[PDB]
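Asks: Right, I'll just put the structure down here and ask away after.
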Amino acid sequence: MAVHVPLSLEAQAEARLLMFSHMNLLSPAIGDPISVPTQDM
Amino acid sequence: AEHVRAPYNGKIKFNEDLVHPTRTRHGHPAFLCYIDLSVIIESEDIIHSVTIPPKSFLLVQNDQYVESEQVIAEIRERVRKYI
Amino acid sequence: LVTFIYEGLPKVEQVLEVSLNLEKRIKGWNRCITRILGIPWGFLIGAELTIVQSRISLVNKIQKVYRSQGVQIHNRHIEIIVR
Amino acid sequence: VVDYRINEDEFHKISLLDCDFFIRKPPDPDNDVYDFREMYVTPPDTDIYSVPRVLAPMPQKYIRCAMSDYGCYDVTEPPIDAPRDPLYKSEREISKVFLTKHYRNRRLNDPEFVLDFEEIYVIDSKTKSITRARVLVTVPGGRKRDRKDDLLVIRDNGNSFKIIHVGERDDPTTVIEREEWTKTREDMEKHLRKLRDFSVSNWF
Amino acid sequence: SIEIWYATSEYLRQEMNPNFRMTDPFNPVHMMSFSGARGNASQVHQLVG
Amino acid sequence: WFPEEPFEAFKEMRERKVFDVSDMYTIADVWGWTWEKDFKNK
Amino acid sequence: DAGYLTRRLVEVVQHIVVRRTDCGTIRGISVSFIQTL
Amino acid sequence: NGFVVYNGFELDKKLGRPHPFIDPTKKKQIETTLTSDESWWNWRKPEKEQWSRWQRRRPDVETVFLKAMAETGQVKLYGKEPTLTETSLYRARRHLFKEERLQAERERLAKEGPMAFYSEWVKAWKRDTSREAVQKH
C-alpha cells in the first residue's frame, strides 16, 4: 500500500479536479459504469 | 452436436424402411436419417410426435419403450491408443 | 498388443506481433499491380490496397478474440494500435 | 379509395393506433350523435379516405353513443442522446374503440340516463373494420329489466361481452389472481410433465 | 465413456436453472448467482450437479 | 475481402471510396507543366 | 503474459496525443455494428 | 338481430383440489413393446439386476412432510410414498400449507383460550383448563 501527499498547488489541483472518484464514473474501454453495486449490495 | 430426448414415457413408432442402418462411433447399431422422419411416442395420456431432421442418428428401434428424458436421437488431432 | 490411431491471449500476441487469405492476396497484388500501372501509381495504389486490406483483417482478427470471450472494447482503441 | 377529400368537421374523428376512423356527425349540442350510413377510414394523420370493412348491420337512423377506447400503455425507456433526454416515455396505444348506445338515446345530463349495453359497436385498428359486439345477457329480467343494475364485462382482447348484475362484481384483485393462477398452473404442469413418475403423481 | 457422461453432466446444468425458477425461486444458492451478485452456473453446477 | 483479381480490386477501391481517379494527379498536371510531355517517352 | 503484452501495447502508442482540433483530412471510412458507430 | 343472447375429476382440477395429474378414465396402457428378442443387444434388459449405489431414493425434508400431511388429510397423494414429481410440487407451494397449519393453531387458541392451549407444555398442571372451568375458578 502506497500513499502519496501532493505538495505543490499544481499537484493538489490535479488530484482534486482530475483524479477524484466521481468524475471517473465511466470506464474508457466502452463507456461502462465502474462502480456498479455488487455482491451483498 | 445435439441430443433429442424423449419428452414422455411411451412406445416409439416409425418406419424402419425409411432409414439407413449404421454403426455409431460407440459401437452401437442405429439408423441414419436423411429425411424429415416422423417419430411417434404413444404415452399414457396422448400421442406425441417428434420430427427427426435429416443427417441425424436414430438410436432407438420401432416399438421400443423409452423413458422420459432418455436420449433417442442425435442431430448432426491424431491420437494413438494402446491396448 | 494392438495400437489404434483415432482422431486467446497468445492469439492476440501472434496477431499484434505479425491469415492465409491475406498472404495470398498480398503476394497476388504485388506481382500484378506494378505490371499494370505506371510510376507512382503501381506502388501508390498497390500500397493502399494492401494497407486497407491489412487494417480490415487485423481489426477483425483482434476483435474476434475479445468478442468470443465477452470482452467489449471500442474499435477506436484497436484502430490506434493497428495504425 | 374514394376520389374526393371529405370535410372533416362534419365527422367524428376517432384516432386509433393504425387508422383514423370517420363517422358522420349530425349537428347536436352534446356532439354524441352518430350517422353510421357514411363512414371512412384513413391511415393515421392522412387525408386519403376509403370505405372501411363492415362486419355487421349498421344503424340506419341517428343514434346517441358514448365513446371509450381500448388498448394499452407503451411505457419505454428511450436511449438518451441529447442532454436532459427523458428517462422514460409513456404513450397510449389504442387498438379498439367502443361505441355504446345511450338507452333510448337519452342525454348525459338526463336524470334517467343509462347505457344500453345490448347495442355496442366496435372499431378495430388492426383490420380497419367496424362491427357490432355479440353480448351475452345473464341478468334475470330479459329485455324489460332495470338497466341501472347491470354491469358490462369485457374480456378476450375486446371480443367477449357479458352483462351481469352489479352485485356479482368481481374484486380487481380476484380478476388479477385468477389470471395468474391459471397461467402458473399450466406452466407448472408443463415443467413437471417430463419427470418419468408424472403419470403416477397427484396435484395438490 | 467420455461422451455419455459429458452429455449427462451438460443436461444436468441445463435443467438446473429451470428447477430453481419453478420449484425454489428464493433458494439462497440460486439467488446469489442468478441475481449476478456472486457466482455463476458453472460453480453452482459443481456444488449441486 | 477485396477481390484477388486486380481490376476487380480497383473497382472495389472506388466503391468503398478507398481510392478514385480524383486522387490521380502529379506535380506536372496540377502546376500546369505542359512542356514536360515533350521531354518524356522519346 | 498479459502484463508483457500491455507493456508492448503501451510502448507502441505512448506518444499519441490529441494535439489538433481538425487535421483537415478529406478521406473517410465507409461503413454499410451500432457500437462501432 | 342475432347479437343479443339471454341465458369428481375436472372439478378438483378446476379448483386446485388434490387430484391425479392424469385422469384415470382417460388413461391407457402402453401396449406391448420389444421383448429382448426383437431388440438389439444394447437395448436389452440385463438378466440379473445390477447394483447401482443409486438404487435407493434420496431422503429429504419434502418426503417426510408430505407423508405427515397425508396422514392428517391436508393433502392426498397418488400412492403411499410421494413421488419425485410430488416432492418437487411440494417444494414450490410448501409455504401455503404451513400457513394453513399456523392459521389453525391461531383459531384453536382463540377457541380454547390460553389456559387450555398452553397447558400442552405444562405437564405438571392437572387442574381443568377449559374456559368454563377457568370462569368457575
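Here's how to read the names in the C-alpha cells: chain A, B, ... by the order shown, residue numbers from 1 in each chain, ligand numbers from 1 in the order shown.
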So that I can see what lies close to residue 197 in chain D, please list as a PDB file with C-alpha atoms, in the first residue's frame the residues with an atom at most 8 Å from it, counting only C-alpha atoms and leaving out residues fewer than 6 positions away in the same chain.

Replies:
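Full text of result-v4.pdb as output:
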ATOM      1  CA  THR H  83     -43.046 -39.354  -5.991  1.00  0.00           C
ATOM      2  CA  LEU H  84     -40.254 -37.074  -7.162  1.00  0.00           C
ATOM      3  CA  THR H  85     -42.907 -35.084  -9.037  1.00  0.00           C
TER       4      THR H  85
END

Asks: Give me, as an NGL selection string, all polymer residues having an atom no more than 12 Å from range 26-43 of chain E, counting only C-alpha atoms and skipping those fewer than 5 positions away in the same chain.

Replies: (:A and (36-41)) or (:E and (9-10 or 12-21 or 48-49)) or (:H and (91-92 or 95))

Asks: Between CA of residue 14 in chain H and CA of residue 67 in chain B, what is the spacing in Å?

Replies: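 Straight-line distance from CA of residue 67 in chain B to CA of residue 14 in chain H works out to 29.1 Å.
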
Asks: Select all residues from chain C having any atom no more than 8 Å from an atom of chain A (counting only C-alpha atoms, ignoring ligands), output as a list in words.

Replies: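 That gives residues 72, 73, 74 and 77 of chain C for chain C.
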
Asks: I need the residues in chain A that are helix (DSSP H, G or I) according to DSSP; give them as a list in words.

Replies: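 Result set for chain A (helix (DSSP H, G or I)): residues 9, 10, 11, 12, 13, 14, 15, 16, 17 and 18 of chain A.
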
Asks: Using only C-alpha atoms and a cut-off of 12 Å, which residues of chain B sit close to chain E? Please list them as number ranges by chain.

Replies: B: 1-5, 25-27, 69-71, 74

Asks: Residues as selected, C-alpha atoms, written as a compact mmCIF listing (two decimals), in the first residue's frame, can you do that?

Replies:
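Okay, result.txt is ready:
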# COMPACT_ATOMS: atom_id res chain seq x y z
CA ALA B 1 -23.95 -31.97 -31.59
CA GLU B 2 -27.49 -32.01 -30.21
CA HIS B 3 -29.29 -34.85 -28.42
CA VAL B 4 -33.04 -35.32 -28.76
CA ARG B 5 -34.61 -36.67 -25.58
CA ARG B 25 -18.87 -44.30 -33.03
CA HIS B 26 -19.77 -46.02 -29.73
CA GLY B 27 -20.19 -49.39 -31.45
CA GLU B 69 -35.52 -37.53 -20.79
CA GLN B 70 -33.84 -40.51 -22.47
CA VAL B 71 -31.64 -39.80 -25.48
CA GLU B 74 -28.59 -37.23 -32.20

Asks: Could you please tell me, as a PyMOL selection string, which residues of chain C have an atom within 7 Å of chain B when using only C-alpha atoms?

Replies: chain C and resi 1-7

Asks: Let me see the file: selected residues, N, CA and C atoms, as a PDB file, in the first residue's frame.

Replies:
ATOM      1  N   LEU C   1      -0.383 -55.007 -27.104  1.00  0.00           N
ATOM      2  CA  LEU C   1      -0.865 -55.974 -28.081  1.00  0.00           C
ATOM      3  C   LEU C   1      -1.242 -55.336 -29.410  1.00  0.00           C
ATOM      4  N   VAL C   2      -2.108 -54.323 -29.397  1.00  0.00           N
ATOM      5  CA  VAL C   2      -2.524 -53.628 -30.608  1.00  0.00           C
ATOM      6  C   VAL C   2      -2.361 -52.132 -30.381  1.00  0.00           C
ATOM      7  N   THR C   3      -2.182 -51.404 -31.481  1.00  0.00           N
ATOM      8  CA  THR C   3      -2.077 -49.951 -31.456  1.00  0.00           C
ATOM      9  C   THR C   3      -3.131 -49.368 -32.382  1.00  0.00           C
ATOM     10  N   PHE C   4      -3.968 -48.487 -31.844  1.00  0.00           N
ATOM     11  CA  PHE C   4      -5.002 -47.806 -32.606  1.00  0.00           C
ATOM     12  C   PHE C   4      -4.613 -46.353 -32.837  1.00  0.00           C
ATOM     13  N   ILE C   5      -5.088 -45.799 -33.947  1.00  0.00           N
ATOM     14  CA  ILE C   5      -4.984 -44.373 -34.230  1.00  0.00           C
ATOM     15  C   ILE C   5      -6.393 -43.835 -34.433  1.00  0.00           C
ATOM     16  N   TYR C   6      -6.748 -42.800 -33.675  1.00  0.00           N
ATOM     17  CA  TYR C   6      -8.069 -42.200 -33.774  1.00  0.00           C
ATOM     18  C   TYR C   6      -7.945 -40.688 -33.658  1.00  0.00           C
ATOM     19  N   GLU C   7      -8.941 -39.994 -34.198  1.00  0.00           N
ATOM     20  CA  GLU C   7      -8.974 -38.539 -34.152  1.00  0.00           C
ATOM     21  C   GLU C   7      -9.576 -38.041 -32.844  1.00  0.00           C
TER      22      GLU C   7
END

Asks: Applying 9 Å and only C-alpha atoms, which residues near range 28-45 of chain B remain after dropping the ones on its own chain fewer than 4 positions away? List them as a ChimeraX atom specification.

Replies: /B:6-16,18-24,49-61,65-66 /D:199 /H:22-23,26-30,40-42

Asks: Could you give me, as a PDB file with C-alpha atoms, in the first residue's frame, the residues within 10 Å of residue 66 in chain C, counting only C-alpha atoms and dropping anything in the same chain fewer than 4 positions from it?

Replies:
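Final file, out_36.pdb:
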ATOM      1  CA  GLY C   8      -6.969 -16.390 -26.746  1.00  0.00           C
ATOM      2  CA  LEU C   9      -4.253 -14.241 -25.195  1.00  0.00           C
ATOM      3  CA  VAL C  12      -3.672 -11.700 -29.744  1.00  0.00           C
ATOM      4  CA  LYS C  61      -8.972 -10.770 -36.018  1.00  0.00           C
ATOM      5  CA  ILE C  62      -8.293  -8.841 -32.803  1.00  0.00           C
ATOM      6  CA  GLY C  70     -17.346 -11.462 -23.944  1.00  0.00           C
ATOM      7  CA  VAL C  71     -14.893  -8.547 -23.703  1.00  0.00           C
ATOM      8  CA  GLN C  72     -16.263  -5.330 -25.214  1.00  0.00           C
ATOM      9  CA  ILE C  73     -13.699  -2.800 -26.461  1.00  0.00           C
TER      10      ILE C  73
END

Asks: Excluding residue 58 in chain C and any residue of its chain fewer than 4 positions from it, enumerate the residues within 10 Å of it, using only C-alpha atoms, and give them as a compact mmCIF listing (two decimals) with N, CA and C atoms, in the first residue's frame.

Replies:
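out.txt, freshly written:
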# COMPACT_ATOMS: atom_id res chain seq x y z
N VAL C 15 -1.11 -12.05 -33.48
CA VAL C 15 -1.61 -11.10 -34.48
C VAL C 15 -0.89 -9.76 -34.35
N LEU C 16 -0.70 -9.28 -33.12
CA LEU C 16 -0.13 -7.95 -32.93
C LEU C 16 1.36 -7.91 -33.24
N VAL C 18 2.70 -9.82 -35.60
CA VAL C 18 2.79 -10.12 -37.02
C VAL C 18 3.91 -11.11 -37.31
N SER C 19 -3.41 -15.04 -41.40
CA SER C 19 -4.46 -15.43 -42.33
C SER C 19 -3.89 -15.83 -43.68
N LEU C 22 -5.05 -13.51 -46.46
CA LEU C 22 -4.33 -12.24 -46.52
C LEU C 22 -2.99 -12.39 -47.23
N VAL C 52 -5.12 -1.09 -46.69
CA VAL C 52 -6.54 -1.10 -46.35
C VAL C 52 -7.01 -2.52 -46.04
N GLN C 53 -6.59 -3.49 -46.86
CA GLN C 53 -6.95 -4.88 -46.60
C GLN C 53 -6.36 -5.37 -45.29
N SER C 54 -5.10 -5.02 -45.01
CA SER C 54 -4.46 -5.45 -43.78
C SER C 54 -5.17 -4.88 -42.55
N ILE C 62 -8.43 -9.23 -34.20
CA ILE C 62 -8.29 -8.84 -32.80
C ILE C 62 -9.65 -8.83 -32.11
N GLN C 63 -10.66 -8.23 -32.75
CA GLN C 63 -11.98 -8.17 -32.16
C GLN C 63 -12.66 -9.53 -32.12
N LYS C 64 -12.25 -10.47 -32.96
CA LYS C 64 -12.81 -11.81 -32.90
C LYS C 64 -12.40 -12.53 -31.62
N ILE C 78 -8.41 -0.17 -30.75
CA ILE C 78 -7.72 -1.13 -31.60
C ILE C 78 -7.21 -0.47 -32.87
N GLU C 79 -8.00 0.46 -33.43
CA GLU C 79 -7.57 1.15 -34.65
C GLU C 79 -6.34 2.01 -34.41
N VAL C 82 -3.45 -0.53 -34.54
CA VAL C 82 -3.27 -1.06 -35.89
C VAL C 82 -2.72 0.02 -36.83

Asks: Mind dumping a table of every chain F residue within 10 Å of chain G, with the nearest atom pair and its distance in Å to one decimal, using only C-alpha atoms, sorted by chain and rising number, as JSON lines?

Replies:
{"residue": "F:15", "atom": "CA", "partner": "G:30", "partner_atom": "CA", "distance": 9.2}
{"residue": "F:16", "atom": "CA", "partner": "G:30", "partner_atom": "CA", "distance": 6.0}
{"residue": "F:17", "atom": "CA", "partner": "G:30", "partner_atom": "CA", "distance": 7.0}
{"residue": "F:18", "atom": "CA", "partner": "G:29", "partner_atom": "CA", "distance": 7.9}
{"residue": "F:19", "atom": "CA", "partner": "G:27", "partner_atom": "CA", "distance": 9.2}

Asks: DSSP on the backbone, then: every residue of chain B marked strand (DSSP E or B), written as a ChimeraX atom specification.

Replies: /B:2-5,10-13,20-23,29-33,37-42,47-52,56-58,65-66,71-75,79-82

Asks: Those same residues - C-alpha atoms - I'd like them written as a CSV table (one decimal), in the first residue's frame.

Replies:
chain,number,residue,atom,x,y,z
B,2,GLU,CA,-27.5,-32.0,-30.2
B,3,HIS,CA,-29.3,-34.8,-28.4
B,4,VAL,CA,-33.0,-35.3,-28.8
B,5,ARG,CA,-34.6,-36.7,-25.6
B,10,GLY,CA,-44.2,-44.4,-24.2
B,11,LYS,CA,-43.7,-46.5,-27.3
B,12,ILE,CA,-41.6,-45.4,-30.2
B,13,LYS,CA,-43.2,-45.7,-33.7
B,20,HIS,CA,-30.5,-46.5,-43.3
B,21,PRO,CA,-28.7,-48.9,-40.9
B,22,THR,CA,-25.4,-47.8,-39.5
B,23,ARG,CA,-22.9,-48.4,-36.7
B,29,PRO,CA,-26.3,-50.3,-34.2
B,30,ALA,CA,-28.5,-47.3,-35.2
B,31,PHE,CA,-30.2,-45.7,-38.2
B,32,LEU,CA,-29.1,-42.8,-40.3
B,33,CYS,CA,-31.9,-40.4,-41.2
B,37,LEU,CA,-38.8,-38.6,-40.4
B,38,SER,CA,-42.0,-38.5,-38.2
B,39,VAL,CA,-41.4,-40.5,-34.9
B,40,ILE,CA,-44.4,-41.1,-32.7
B,41,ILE,CA,-44.4,-41.7,-28.9
B,42,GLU,CA,-47.7,-43.0,-27.6
B,47,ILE,CA,-49.9,-39.5,-28.6
B,48,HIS,CA,-47.0,-37.2,-29.4
B,49,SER,CA,-44.8,-36.6,-32.5
B,50,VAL,CA,-41.2,-35.7,-32.7
B,51,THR,CA,-39.7,-34.5,-36.0
B,52,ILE,CA,-36.3,-36.1,-36.8
B,56,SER,CA,-29.3,-37.3,-37.8
B,57,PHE,CA,-28.8,-40.7,-36.0
B,58,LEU,CA,-31.9,-42.5,-34.7
B,65,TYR,CA,-40.2,-48.5,-24.9
B,66,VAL,CA,-38.5,-45.2,-24.0
B,71,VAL,CA,-31.6,-39.8,-25.5
B,72,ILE,CA,-33.4,-41.2,-28.6
B,73,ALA,CA,-31.6,-39.3,-31.4
B,74,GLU,CA,-28.6,-37.2,-32.2
B,75,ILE,CA,-28.9,-34.3,-34.6
B,79,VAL,CA,-4.2,-39.8,-31.1
B,80,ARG,CA,-2.6,-43.2,-30.5
B,81,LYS,CA,-4.4,-45.9,-28.4
B,82,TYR,CA,-2.6,-48.8,-26.8

Asks: Between CA of residue 117 in chain H and CA of residue 101 in chain H, measure the distance and give it in Å to one decimal.

Replies: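 A separation of 15.1 Å between them.
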
Asks: What separation in Å, quoted to one decimal, exists between CA of residue 22 in chain E and CA of residue 79 in chain H?

Replies: 23.7 Å

Asks: Could you produce a table of the residues of chain F lying within 9 Å of chain C, with the nearest pair of atoms per residue and their separation in Å rounded to one decimal, using only C-alpha atoms, ordered by chain and increasing residue number, as JSON lines?

Replies:
{"residue": "F:1", "atom": "CA", "partner": "C:53", "partner_atom": "CA", "distance": 7.1}
{"residue": "F:2", "atom": "CA", "partner": "C:53", "partner_atom": "CA", "distance": 6.9}
{"residue": "F:3", "atom": "CA", "partner": "C:25", "partner_atom": "CA", "distance": 8.2}
{"residue": "F:4", "atom": "CA", "partner": "C:25", "partner_atom": "CA", "distance": 5.6}
{"residue": "F:5", "atom": "CA", "partner": "C:29", "partner_atom": "CA", "distance": 8.0}
{"residue": "F:6", "atom": "CA", "partner": "C:33", "partner_atom": "CA", "distance": 6.7}
{"residue": "F:9", "atom": "CA", "partner": "C:49", "partner_atom": "CA", "distance": 7.9}
{"residue": "F:10", "atom": "CA", "partner": "C:49", "partner_atom": "CA", "distance": 8.5}
{"residue": "F:13", "atom": "CA", "partner": "C:49", "partner_atom": "CA", "distance": 7.5}
{"residue": "F:18", "atom": "CA", "partner": "C:48", "partner_atom": "CA", "distance": 7.7}
{"residue": "F:19", "atom": "CA", "partner": "C:45", "partner_atom": "CA", "distance": 7.7}
{"residue": "F:24", "atom": "CA", "partner": "C:41", "partner_atom": "CA", "distance": 7.9}
{"residue": "F:26", "atom": "CA", "partner": "C:40", "partner_atom": "CA", "distance": 8.8}

Asks: Using N, CA, C and O atoms, can you export the residues from the last selection as a PDB file, in the first residue's frame?

Replies:
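Result written to part_14.pdb:
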ATOM      1  N   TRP F   1     -13.170  -9.278 -47.701  1.00  0.00           N
ATOM      2  CA  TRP F   1     -12.021  -9.499 -48.568  1.00  0.00           C
ATOM      3  C   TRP F   1     -12.143  -8.741 -49.881  1.00  0.00           C
ATOM      4  O   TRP F   1     -13.135  -8.877 -50.595  1.00  0.00           O
ATOM      5  N   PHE F   2     -11.130  -7.939 -50.192  1.00  0.00           N
ATOM      6  CA  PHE F   2     -11.028  -7.377 -51.526  1.00  0.00           C
ATOM      7  C   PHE F   2     -10.774  -8.502 -52.528  1.00  0.00           C
ATOM      8  O   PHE F   2     -10.098  -9.484 -52.209  1.00  0.00           O
ATOM      9  N   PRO F   3     -11.323  -8.396 -53.736  1.00  0.00           N
ATOM     10  CA  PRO F   3     -11.100  -9.445 -54.737  1.00  0.00           C
ATOM     11  C   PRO F   3      -9.624  -9.594 -55.074  1.00  0.00           C
ATOM     12  O   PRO F   3      -8.878  -8.615 -55.140  1.00  0.00           O
ATOM     13  N   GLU F   4      -9.203 -10.844 -55.283  1.00  0.00           N
ATOM     14  CA  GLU F   4      -7.813 -11.108 -55.636  1.00  0.00           C
ATOM     15  C   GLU F   4      -7.478 -10.580 -57.025  1.00  0.00           C
ATOM     16  O   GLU F   4      -6.343 -10.152 -57.266  1.00  0.00           O
ATOM     17  N   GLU F   5      -8.441 -10.601 -57.940  1.00  0.00           N
ATOM     18  CA  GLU F   5      -8.215 -10.085 -59.281  1.00  0.00           C
ATOM     19  C   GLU F   5      -7.933  -8.584 -59.222  1.00  0.00           C
ATOM     20  O   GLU F   5      -8.589  -7.858 -58.469  1.00  0.00           O
ATOM     21  N   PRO F   6      -6.962  -8.092 -59.998  1.00  0.00           N
ATOM     22  CA  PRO F   6      -6.580  -6.672 -59.872  1.00  0.00           C
ATOM     23  C   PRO F   6      -7.683  -5.700 -60.250  1.00  0.00           C
ATOM     24  O   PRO F   6      -8.007  -4.799 -59.465  1.00  0.00           O
ATOM     25  N   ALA F   9     -10.397  -5.555 -57.851  1.00  0.00           N
ATOM     26  CA  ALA F   9      -9.973  -4.838 -56.653  1.00  0.00           C
ATOM     27  C   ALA F   9      -9.985  -3.331 -56.876  1.00  0.00           C
ATOM     28  O   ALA F   9     -10.334  -2.569 -55.968  1.00  0.00           O
ATOM     29  N   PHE F  10      -9.603  -2.881 -58.074  1.00  0.00           N
ATOM     30  CA  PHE F  10      -9.660  -1.454 -58.383  1.00  0.00           C
ATOM     31  C   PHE F  10     -11.091  -0.940 -58.319  1.00  0.00           C
ATOM     32  O   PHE F  10     -11.339   0.179 -57.854  1.00  0.00           O
ATOM     33  N   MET F  13     -12.066  -0.598 -54.701  1.00  0.00           N
ATOM     34  CA  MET F  13     -11.444   0.575 -54.096  1.00  0.00           C
ATOM     35  C   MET F  13     -12.264   1.829 -54.367  1.00  0.00           C
ATOM     36  O   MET F  13     -12.364   2.713 -53.509  1.00  0.00           O
ATOM     37  N   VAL F  18     -11.948   3.958 -51.197  1.00  0.00           N
ATOM     38  CA  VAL F  18     -10.543   3.874 -50.815  1.00  0.00           C
ATOM     39  C   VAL F  18      -9.693   4.760 -51.718  1.00  0.00           C
ATOM     40  O   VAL F  18      -8.817   5.493 -51.245  1.00  0.00           O
ATOM     41  N   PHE F  19      -9.946   4.716 -53.024  1.00  0.00           N
ATOM     42  CA  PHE F  19      -9.148   5.453 -53.992  1.00  0.00           C
ATOM     43  C   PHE F  19      -9.972   5.635 -55.257  1.00  0.00           C
ATOM     44  O   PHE F  19     -10.651   4.704 -55.697  1.00  0.00           O
ATOM     45  N   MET F  24      -5.680  10.780 -58.665  1.00  0.00           N
ATOM     46  CA  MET F  24      -4.601  10.512 -59.613  1.00  0.00           C
ATOM     47  C   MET F  24      -4.189  11.821 -60.271  1.00  0.00           C
ATOM     48  O   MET F  24      -4.785  12.250 -61.261  1.00  0.00           O
ATOM     49  N   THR F  26      -0.307  14.329 -60.750  1.00  0.00           N
ATOM     50  CA  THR F  26       1.103  14.549 -60.474  1.00  0.00           C
ATOM     51  C   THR F  26       1.390  16.043 -60.448  1.00  0.00           C
ATOM     52  O   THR F  26       0.531  16.871 -60.759  1.00  0.00           O
TER      53      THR F  26
END
